[PDB]
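To be precise, the following lines are start_21.cif, and they hold mmCIF, C-alpha atoms.
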data_protein
#
loop_
_atom_site.label_atom_id
_atom_site.label_comp_id
_atom_site.auth_asym_id
_atom_site.auth_seq_id
_atom_site.Cartn_x
_atom_site.Cartn_y
_atom_site.Cartn_z
CA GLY A 1 30.19 -3.39 8.79
CA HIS A 2 31.08 -0.59 6.40
CA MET A 3 30.40 3.14 6.50
CA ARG A 4 30.69 3.27 2.72
CA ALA A 5 27.97 1.24 1.05
CA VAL A 6 26.73 0.80 -2.52
CA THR A 7 24.96 3.67 -4.27
CA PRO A 8 21.13 3.90 -4.01
CA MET A 9 20.89 3.66 -7.80
CA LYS A 10 17.95 1.93 -9.50
CA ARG A 11 14.55 2.18 -7.82
CA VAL A 12 11.17 0.61 -8.50
CA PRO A 13 9.00 3.32 -10.11
CA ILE A 14 5.54 3.87 -8.62
CA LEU A 15 4.26 3.83 -12.20
CA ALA A 16 5.84 0.40 -12.65
CA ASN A 17 4.34 -0.86 -9.39
CA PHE A 18 0.95 0.18 -10.72
CA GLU A 19 1.64 -1.55 -14.04
CA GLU A 20 2.45 -4.90 -12.43
CA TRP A 21 -0.67 -4.63 -10.25
CA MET A 22 -2.75 -4.01 -13.35
CA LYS A 23 -1.27 -7.00 -15.16
CA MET A 24 -2.03 -9.18 -12.14
CA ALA A 25 -5.63 -7.99 -11.85
CA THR A 26 -6.58 -7.78 -15.54
CA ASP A 27 -5.23 -11.17 -16.59
CA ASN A 28 -6.55 -12.92 -13.46
CA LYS A 29 -2.86 -13.49 -12.84
CA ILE A 30 -3.31 -12.40 -9.23
CA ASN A 31 -3.63 -15.66 -7.27
CA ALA A 32 -5.72 -15.79 -4.10
CA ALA A 33 -2.96 -16.27 -1.52
CA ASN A 34 -1.19 -13.21 -2.91
CA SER A 35 -4.32 -11.30 -3.87
CA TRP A 36 -3.54 -9.68 -0.57
CA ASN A 37 -1.21 -6.69 -0.27
CA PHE A 38 -2.76 -5.74 -3.61
CA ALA A 39 -5.14 -2.82 -3.18
CA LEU A 40 -5.82 -0.38 -6.00
CA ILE A 41 -7.41 1.86 -3.38
CA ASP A 42 -3.87 3.00 -2.53
CA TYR A 43 -3.77 4.89 -5.82
CA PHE A 44 -7.53 5.39 -5.97
CA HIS A 45 -7.97 7.18 -2.65
CA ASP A 46 -4.90 9.38 -2.97
CA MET A 47 -5.06 10.62 -6.55
CA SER A 48 -1.35 10.76 -7.27
CA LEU A 49 -0.40 8.42 -10.10
CA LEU A 50 -3.84 8.32 -11.72
CA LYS A 51 -4.31 12.08 -11.46
CA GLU A 52 -2.91 14.13 -14.32
CA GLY A 53 -2.12 17.51 -12.84
CA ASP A 54 -4.82 19.23 -10.80
CA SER A 55 -7.50 17.08 -12.34
CA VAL A 56 -8.08 13.42 -13.04
CA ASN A 57 -8.69 12.11 -16.46
CA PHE A 58 -11.71 9.89 -16.08
CA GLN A 59 -9.78 7.58 -18.36
CA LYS A 60 -7.63 6.67 -15.38
CA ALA A 61 -10.71 6.74 -13.17
CA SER A 62 -12.74 4.39 -15.36
CA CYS A 63 -9.88 1.98 -15.98
CA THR A 64 -8.81 1.89 -12.33
CA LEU A 65 -12.39 1.66 -11.04
CA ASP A 66 -13.18 -1.21 -13.40
CA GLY A 67 -10.05 -3.08 -12.37
CA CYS A 68 -10.67 -2.20 -8.73
CA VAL A 69 -14.06 -3.91 -8.82
CA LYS A 70 -12.36 -6.92 -10.39
CA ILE A 71 -9.62 -7.23 -7.76
CA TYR A 72 -11.96 -6.23 -4.91
CA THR A 73 -14.31 -9.10 -5.67
CA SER A 74 -11.37 -11.43 -6.27
CA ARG A 75 -10.04 -10.57 -2.81
CA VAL A 76 -13.30 -11.42 -1.02
CA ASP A 77 -13.28 -14.63 -3.05
CA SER A 78 -9.80 -15.28 -1.64
CA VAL A 79 -11.25 -14.97 1.87
CA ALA A 80 -13.68 -17.79 1.13
CA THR A 81 -10.83 -19.64 -0.58
CA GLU A 82 -8.68 -19.47 2.55
CA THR A 83 -11.76 -20.39 4.57
CA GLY A 84 -11.92 -23.56 2.49
CA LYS A 85 -8.30 -24.26 3.39
CA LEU A 86 -9.22 -24.02 7.06
CA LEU A 87 -12.07 -26.46 6.50
CA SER A 88 -9.66 -28.63 4.52
CA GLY A 89 -7.31 -28.82 7.50
CA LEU A 90 -10.23 -29.73 9.74
CA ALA A 91 -11.57 -32.52 7.52
CA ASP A 92 -8.02 -33.81 7.13
CA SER A 93 -7.91 -34.57 10.85
CA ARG A 94 -11.45 -35.98 10.73
CA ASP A 95 -10.50 -38.97 8.59
CA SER A 96 -10.45 -42.43 10.12
CA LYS A 97 -10.65 -44.44 6.90
CA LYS A 98 -6.90 -44.94 6.77
CA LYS A 99 -5.70 -48.02 8.65
CA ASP A 100 -3.75 -47.32 11.85
CA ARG A 101 -0.14 -46.99 10.81
CA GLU A 102 1.02 -46.08 14.29
CA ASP A 103 -0.78 -46.91 17.53
CA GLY A 104 1.01 -44.43 19.76
CA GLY A 105 1.01 -46.58 22.86
CA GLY A 106 3.65 -49.26 22.62
CA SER A 107 5.05 -49.69 26.10
CA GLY A 108 2.13 -49.63 28.51
CA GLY A 109 2.03 -48.10 31.96
CA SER A 110 2.26 -44.59 30.56
CA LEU A 111 0.87 -42.32 33.26
CA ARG A 112 -1.12 -39.58 31.58
CA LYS A 113 -2.02 -36.41 33.44
CA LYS A 114 -5.39 -34.71 33.91
CA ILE A 115 -6.79 -31.92 31.73
CA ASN A 116 -3.71 -29.75 31.31
CA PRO A 117 -4.26 -26.01 30.70
CA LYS A 118 -2.15 -26.18 27.52
CA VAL A 119 -5.06 -28.07 25.94
CA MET A 120 -7.17 -24.89 25.83
CA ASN A 121 -4.14 -22.89 24.68
CA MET A 122 -4.02 -24.98 21.51
CA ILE A 123 -7.46 -23.58 20.70
CA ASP A 124 -6.09 -20.10 21.47
CA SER A 125 -4.22 -20.45 18.17
CA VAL A 126 -7.55 -21.23 16.53
CA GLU A 127 -8.95 -17.94 17.85
CA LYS A 128 -6.15 -16.13 16.03
CA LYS A 129 -7.27 -17.62 12.73
CA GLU A 130 -10.92 -16.73 13.36
CA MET A 131 -10.03 -13.14 14.18
CA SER A 132 -7.82 -12.91 11.09
CA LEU A 133 -10.73 -14.13 8.94
CA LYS A 134 -12.98 -11.52 10.53
CA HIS A 135 -10.30 -8.88 10.00
CA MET A 136 -9.93 -10.16 6.44
CA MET A 137 -13.55 -9.41 5.61
CA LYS A 138 -13.26 -6.21 7.63
CA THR A 139 -10.43 -5.21 5.31
CA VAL A 140 -12.53 -6.04 2.24
CA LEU A 141 -15.45 -3.99 3.58
CA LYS A 142 -12.99 -1.23 4.47
CA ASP A 143 -11.89 -1.10 0.83
CA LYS A 144 -15.57 -0.87 -0.13
CA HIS A 145 -16.04 2.27 1.98
CA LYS A 146 -12.88 3.68 0.41
CA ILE A 147 -14.27 2.99 -3.07
CA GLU A 148 -17.44 4.86 -2.13
CA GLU A 149 -15.41 7.84 -0.90
CA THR A 150 -13.32 7.91 -4.06
CA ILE A 151 -16.18 7.54 -6.55
CA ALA A 152 -17.84 10.44 -4.73
CA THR A 153 -14.64 12.47 -5.19
CA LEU A 154 -14.56 11.52 -8.87
CA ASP A 155 -18.24 12.42 -9.07
CA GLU A 156 -17.28 15.85 -7.74
CA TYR A 157 -14.76 16.14 -10.57
CA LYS A 158 -17.54 15.12 -12.95
CA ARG A 159 -19.71 17.79 -11.33
CA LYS A 160 -17.13 20.56 -11.64
CA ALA A 161 -15.99 19.56 -15.12
CA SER A 162 -18.42 20.18 -17.96
CA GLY A 163 -16.73 17.63 -20.17
CA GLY A 164 -13.68 19.15 -21.80
CA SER A 165 -10.74 16.78 -21.50
CA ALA A 166 -12.26 14.66 -18.76
CA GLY A 167 -14.75 12.12 -20.07
CA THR A 168 -17.50 12.95 -17.61
CA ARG A 169 -20.13 11.18 -19.70
CA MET A 170 -17.89 8.15 -20.23
CA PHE A 171 -17.13 7.92 -16.51
CA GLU A 172 -20.82 8.32 -15.68
CA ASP A 173 -21.76 5.17 -17.58
CA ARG A 174 -18.60 3.38 -16.47
CA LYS A 175 -19.13 4.09 -12.76
CA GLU A 176 -22.67 2.72 -12.74
CA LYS A 177 -21.50 -0.14 -14.97
CA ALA A 178 -18.76 -1.10 -12.51
CA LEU A 179 -21.07 -0.58 -9.54
CA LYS A 180 -23.58 -2.91 -11.21
CA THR A 181 -20.93 -5.61 -11.46
CA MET A 182 -19.98 -4.78 -7.89
CA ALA A 183 -23.62 -5.16 -6.85
CA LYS A 184 -23.81 -8.42 -8.74
CA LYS A 185 -20.89 -9.96 -6.86
CA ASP A 186 -22.04 -8.08 -3.75
CA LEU A 187 -24.56 -10.86 -3.26
CA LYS A 188 -21.64 -13.28 -3.12
CA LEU A 189 -19.55 -10.93 -0.97
CA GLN A 190 -22.27 -10.43 1.64
CA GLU A 191 -22.95 -14.17 1.46
CA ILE A 192 -19.32 -14.97 2.29
CA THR A 193 -19.44 -12.42 5.10
CA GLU A 194 -22.63 -13.92 6.51
CA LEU A 195 -21.49 -17.54 6.16
CA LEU A 196 -18.26 -16.59 7.92
CA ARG A 197 -20.29 -15.44 10.92
CA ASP A 198 -22.82 -18.24 10.40
CA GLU A 199 -20.63 -21.33 10.25
CA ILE A 200 -16.98 -20.26 10.39
CA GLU A 201 -17.18 -18.57 13.81
CA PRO A 202 -19.14 -21.47 15.52
CA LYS A 203 -16.44 -23.70 13.99
CA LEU A 204 -14.26 -22.85 16.97
CA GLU A 205 -17.00 -23.76 19.45
CA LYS A 206 -17.60 -27.13 17.80
CA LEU A 207 -13.82 -27.57 17.59
CA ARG A 208 -13.70 -27.14 21.35
CA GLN A 209 -16.56 -29.62 21.81
CA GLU A 210 -15.43 -32.29 19.35
CA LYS A 211 -11.69 -32.32 19.93
CA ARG A 212 -11.17 -31.05 23.46
CA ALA A 213 -14.42 -31.53 25.38
CA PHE A 214 -15.07 -35.05 24.10
CA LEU A 215 -11.54 -36.46 23.86
CA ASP A 216 -9.35 -34.54 26.33
CA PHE A 217 -11.87 -33.16 28.82
CA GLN A 218 -14.01 -36.27 29.28
CA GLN A 219 -12.37 -39.49 30.44
CA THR A 220 -12.44 -42.60 28.23
CA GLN A 221 -12.51 -41.12 24.73
#
Produce structure tokens that represent the structure in this file.
Amino acid sequence: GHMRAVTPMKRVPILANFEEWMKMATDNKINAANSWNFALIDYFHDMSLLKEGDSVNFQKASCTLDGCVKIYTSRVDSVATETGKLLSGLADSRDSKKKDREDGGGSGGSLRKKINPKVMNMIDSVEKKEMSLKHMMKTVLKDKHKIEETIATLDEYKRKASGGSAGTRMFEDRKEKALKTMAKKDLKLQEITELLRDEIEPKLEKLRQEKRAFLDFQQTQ
């Protein structure tokens, strides 16, 4: 409890924060679990760092757009990756090949109660995961819309600029090139989205049926 604290010296430069993000994305250094909280759209949407003065050098635009497509598609991949971890946790509790180490009974005469409400509340936690997965893809799609907005803005710059210092022609070919790669992985992205709604969402319903309805709800499991 002091009124006099240490000086606010030494900060993390926004330029440096961009540099680390680039290194992560370009080198595939950005792992899936932490591919989150990494969005190039932050710089892309609000042309601050990547804008040189009143105009943006399409050098920044091309480089950032290219990397953005890379990290964008890596992020959606991370959604499916985390989805696999959810399935992993499920299958883990579905194994019965291991010999019974612990019975769980022991002293008999243990009076168990009826279907307690807390049973359903355990699934309530499952709902949270489902919603977060939905929100995850929602975030990915949200970035997509933001990309579209920004490329349009950059296209305006390419429309206003004849091609002096800004590489309008270079950005033209680069935009479509990146969008082609985006469209390529778009098939995977939409697939993940669809499968999420196809199998991942009903996962909760079958969870309820398999675990709760069969074992807890119905007598004699």
- Could you state the separation of atom CA of residue A:171 and atom CA of residue A:58 in Å, given to one decimal place? 5.8 Å
- Please, what distance in Å, to one decimal, runs between atom CA of residue A:67 and atom CA of residue A:22?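 It comes out at 7.4 Å.
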- Just so the selection is clear, what residues does the PyMOL selection byres ((chain A and resi 56) around 12) cover here, as a VMD selection string? chain A and resid 43 to 44 46 to 55 57 to 64 150 to 151 153 to 158 160 to 161 163 to 168 171
- Message: Please report the interatomic distance between atom CA of residue A:69 and atom CA of residue A:152 in Å with one decimal.
- Response: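 Taking atom CA of residue A:69 and atom CA of residue A:152, their separation equals 15.4 Å.
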- Message: I need the output of the PyMOL selection byres ((chain A and resi 77-85) around 7) for this file as a list in words; which residues are they?
- Response: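 Selected by the PyMOL selection byres ((chain A and resi 77-85) around 7) in this file: residues 32, 33, 73, 74, 75, 76, 86, 87, 88, 89, 136 and 192 of chain A.
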- Message: Using only C-alpha atoms for the distances, tell me which of A:19, A:7, A:188, A:65 is nearest to residue A:173.
- Response: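 The answer is A:65, which sits nearest to residue A:173.
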- Query: Restricting the calculation to all atoms listed in the file, which member of A:185, A:134, A:145, A:175 is positioned closest to residue A:197?
  - Reply: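 Checking each of A:185, A:134, A:145, A:175 against residue A:197, counting all atoms listed in the file, the winner is A:134.
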Which residues are near residue A:124? Cut-off 12 Å, only C-alpha atoms, ignore same chain within fewer than 5 positions. Put them as a CSV table (one decimal) with C-alpha atoms, keeping the file's coordinate frame.
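Saved result, part_11.csv, follows:
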chain,number,residue,atom,x,y,z
A,117,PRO,CA,-4.3,-26.0,30.7
A,118,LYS,CA,-2.2,-26.2,27.5
A,119,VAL,CA,-5.1,-28.1,25.9
A,129,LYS,CA,-7.3,-17.6,12.7
A,130,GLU,CA,-10.9,-16.7,13.4
A,131,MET,CA,-10.0,-13.1,14.2
A,204,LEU,CA,-14.3,-22.8,17.0
A,205,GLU,CA,-17.0,-23.8,19.4
A,207,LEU,CA,-13.8,-27.6,17.6
A,208,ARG,CA,-13.7,-27.1,21.4
- Message: So, with only C-alpha atoms as the atoms that count, which of A:40, A:68, A:120, A:195 lies closest to residue A:181?
- Response: A:68
